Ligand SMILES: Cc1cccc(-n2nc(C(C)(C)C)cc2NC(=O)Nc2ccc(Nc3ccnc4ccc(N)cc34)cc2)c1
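Quick setup: one chain, the form solved without the ligand, written in structure tokens, and binding and motion questions come after.
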């Protein structure tokens, strides 16, 4: 039933966790919360134990806490970080204040991988394949990551990859132009844009659009993919945005094969399909998986989709204690994955 908890202060923060978690070592903090690496004696895995900071300090924060826990509890896929555990030392709703989330502490992120070796084209195929496999799953539940970048991808020594740190709000180099300047509502293919940016960088050893501010980055993007045509302009809601875009000197799309010389032409072809300015015309994660670049990895019987994910809570208008109570319910109903 309820584990035995033990209590310790580490770096001016109290941690009260089940004794199954041992040898906690602080590894960073922030506005989100605060994290320790630990050894999970039940699974034998190294884990990140995140203690949320001020999870219920306002309506806004309480709803965000609920949103995060709902999302993490739903994700069950080999290429997406899942929730190993969630707990509170509280014995009742009335003493409920703290929430702890436990996830696998896997390998290193994609940046650190690149720092210690040169990837082969085979590596890039397999890494991007797994990102897209994860995205097919996420997108099939109408979840959008929103914040894909190398530091949000975990990789182990077998080159196995997981997507983590979903964007929970409702650098900038990997972000689709339409969300960066708020041109329109996000669709799932903002994540596909990010993948294109990540893949380009894995192939070339250079950030694709390293802009210093929003305008500089837009200009680098438009130089590659060309300025918007009338069809895309029609979909941009802000009159000011439209006026600004129309103010730019027109530019043709570049030939990507000139931009990525010496790379696998099938890789370049996939990039052309991911980095299209109009999001409705970008390749989807499902379609990209069937792309010839991934022929050695693609298995249509092993690219699963997700259960539907009910996000109707997003339009509820509730009291702080109501979000807190819904959160508590989710802590209580949590069932760990098979050991």
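Residue numbers count along the first chain shown, from 1.
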| property | result |
| --- | --- |
| Gap size between residue 171 and residue 170, counted in deposited residues that the entry leaves unmodelled | 10 or more |
| Mean C-alpha B-factor comparison - 60-68 and 27-35, higher one | 27-35 |
| Higher-B stretch (mean Cα B-factor, as the entry records it), 279-287 or 310-318 | 279-287 |
| Peak C-alpha temperature factor (PDB record), options 206, 146, 162, 74 | 206 |
| Residue, from 48, 305, 274, 45, that the PDB entry assigns the highest Cα B-factor | 45 |
| Record-listed C-alpha B factor of residue 186: chain third | highest |
| Chain third (lowest, middle, highest) by recorded CA B-factor, residue given as residue 150 | lowest |
| Chain third (lowest, middle, highest) by recorded CA B-factor, residue given as residue 326 | lowest |
| Third assignment of residue 125 from its chain's C-alpha B-factors | lowest |
| Residue 88, C-alpha B-factor rank within chain (lowest, middle or highest third) | middle |
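Keep in mind the form deposited with the ligand bound is missing from the figure; the text below concerns it.
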{"query": "Accessibility of shown form to the ligand in the bound PDB entry, site-C-alpha superposition, 2.4 Å backbone/C-beta rule", "finding": "blocked"}
{"query": "Candidate stretches 203-211, 156-164, 89-97, 254-262, one within 4.5 Å of the ligand in the bound PDB entry by heavy atom", "finding": "156-164"}
{"query": "Site check 68, 71 and 75: each within 4.5 Å of the ligand in the bound PDB entry by heavy atom", "finding": "yes"}
{"query": "Position in contact with the ligand when the complex is considered in the bound PDB entry, options 62, 285, 35, 271, heavy atoms within 4.5 Å", "finding": "35"}
{"query": "Any non-hydrogen atom of residue 267 within 4.5 angstroms of the ligand in the bound PDB entry", "finding": "no"}
{"query": "Partner proximity in the bound PDB entry: residue 140 to the ligand, non-hydrogen atom cutoff 4.5 Å", "finding": "no"}
{"query": "Contact label in the bound PDB entry: residue 80 to the ligand, heavy atom within 4.5 Å", "finding": "yes"}
{"query": "Non-hydrogen atom contact residue 291 with the ligand in the bound PDB entry at 4.5 angstroms", "finding": "no"}
{"query": "Neighbours of the ligand in the bound PDB entry among 78-106 [non-hydrogen atom within 4.5 angstroms]", "finding": "80, 81, 103, 104, 105, 106"}
